[PDB]
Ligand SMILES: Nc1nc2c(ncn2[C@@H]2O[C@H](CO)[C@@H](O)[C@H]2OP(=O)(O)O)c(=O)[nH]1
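Next up is one chain by itself, shown in structure tokens, the form solved without the named molecule.
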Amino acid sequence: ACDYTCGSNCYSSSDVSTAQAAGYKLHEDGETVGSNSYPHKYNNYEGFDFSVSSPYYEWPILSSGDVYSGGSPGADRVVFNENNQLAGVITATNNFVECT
């Protein structure tokens, strides 16, 4: 169902756990993909109230259901921490708002 609503895009908790696992795996290998080299630290300058502690890492979640593997990241991102805990799902307005 829509556990997370990012504008036009509805994501289930299952869609989120698949994206997060691909981002965490790369984070553990010290590997990055794309121009902007994701996953990368997310500093939470928006001051969102996450349930888990930082440091935070951001990885793109794609509306198509594909796994991010380069090119355009789109507007949505999964935020997770160093302990592979999900902090939240955000969407762009560089500047973001939380998904509902």
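The first residue of the sequence shown is number 1, and the count goes up from there.
Below, we turn to the form deposited with the named molecule bound, even though it does not appear here.
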| query | finding |
| --- | --- |
| Residue contact check: residue 96 to the named molecule in the bound PDB entry, 4.5 Å heavy atom | yes |
| 4.5 Å heavy atom contact, residue 43 to the named molecule in the bound PDB entry | yes |
| Stretch 47-71 - residues with a heavy atom within 4.5 Å of the named molecule in the bound PDB entry | 58 |
